[PDB]
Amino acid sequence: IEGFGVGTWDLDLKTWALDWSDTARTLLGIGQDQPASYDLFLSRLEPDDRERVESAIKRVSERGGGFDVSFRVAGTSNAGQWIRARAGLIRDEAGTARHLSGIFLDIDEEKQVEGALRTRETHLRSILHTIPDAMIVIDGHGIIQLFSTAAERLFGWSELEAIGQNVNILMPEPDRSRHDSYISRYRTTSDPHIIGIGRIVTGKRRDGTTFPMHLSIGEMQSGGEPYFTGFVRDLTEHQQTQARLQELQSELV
């Protein structure tokens, strides 16, 4: 009754009478002196939301596994109050269901977090598609987790084809069979290793051909598992113009 921070409400399917808590009045942004009314409640929600609330009450009117819908109000000039209305069915007797009761929750923090994740997910899509160098993300066991657009073009495998496979499918032997051991060896020593030391190695495409490449790796930790983000740089063109330059330089010396 006091404090809490959550509002409560009550509504009867028959006679459409509504009674909300004092803490719930503040959530709706109106109600300093006006009494509670079903019409007043639907007058605060936006038109599309109002329709959703009506379908929800009808859904719970006939059967209905609970009631929970979220909507935003126009409480302040440049901000909205996100509210998650939850309610439950309580019948009088075996005859009918006469009054739905529930609570009003403030989900402003929950919506800000949801939005933040959406922005991050969208950005990752953009990065994966835009980045010119092949970007590959593996897990502690070498299982590919992300495979950028450039990785597809360079290695010949699509993301759907590469995700879930071991990163060793991108290299020829003997590295292919010994790569798994290379990862487990680094996870035990835990010293300032080749992570951040670009060394040139050779990768293999699905095609079967091979090419010289430089890789940069960055480690991260999440949920008890480490993940490695690789950035591949193809050196085929660099090594050939460097060879033709060092060959056209030896035509006189």
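So that there is no doubt, residue numbering starts at 1 and follows the sequence shown.
Asker: Do the C-alpha atoms of 132-140 or of 87-95 have the higher average B factor in the entry?
Answerer: The deposited B-factors put 87-95 ahead on the C-alpha mean.
Asker: Per the PDB record, is the mean Cα temperature factor higher over 101-109 or over 147-155?
Answerer: Averaged over C-alpha atoms, the B-factors run higher in 101-109.
Asker: Check the PDB entry and point out which of 192, 208, 224, 212 has the largest C-alpha temperature factor.
Answerer: By C-alpha B-factor in the record, 192 ranks first.
Asker: Among the candidates 61, 216, 202, 188, give the one with the maximum CA B-factor reported in the record.
Answerer: Each of 61, 216, 202, 188 was compared by C-alpha B-factor; the highest is 61.
Asker: Sorting the chain's CA B-factors, does residue 177 end up in the lowest, middle or highest third?
Answerer: Middle third - that is where residue 177 ends up once the chain's C-alpha B-factors are sorted.
Asker: Compare the C-alpha B factor of residue 234 with those of the other modelled residues in its chain, then answer lowest, middle or highest third.
Answerer: Lowest third, going by the recorded CA B-factors of the chain.
Asker: Is residue 165 in the lowest, middle or highest third of its chain when residues are ranked by C-alpha B-factor?
Answerer: Tercile = lowest for this residue's CA B-factor.
Asker: For residue 228, return the chain-relative third of its C-alpha B-factor as stated in the PDB record: lowest, middle or highest.
Answerer: Tercile = lowest for this residue's CA B-factor.
Asker: Classify residue 81 as lowest, middle or highest third according to the C-alpha B-factor given in the PDB entry, relative to its own chain.
Answerer: It belongs to the middle third of the chain when residues are ordered by C-alpha B-factor.
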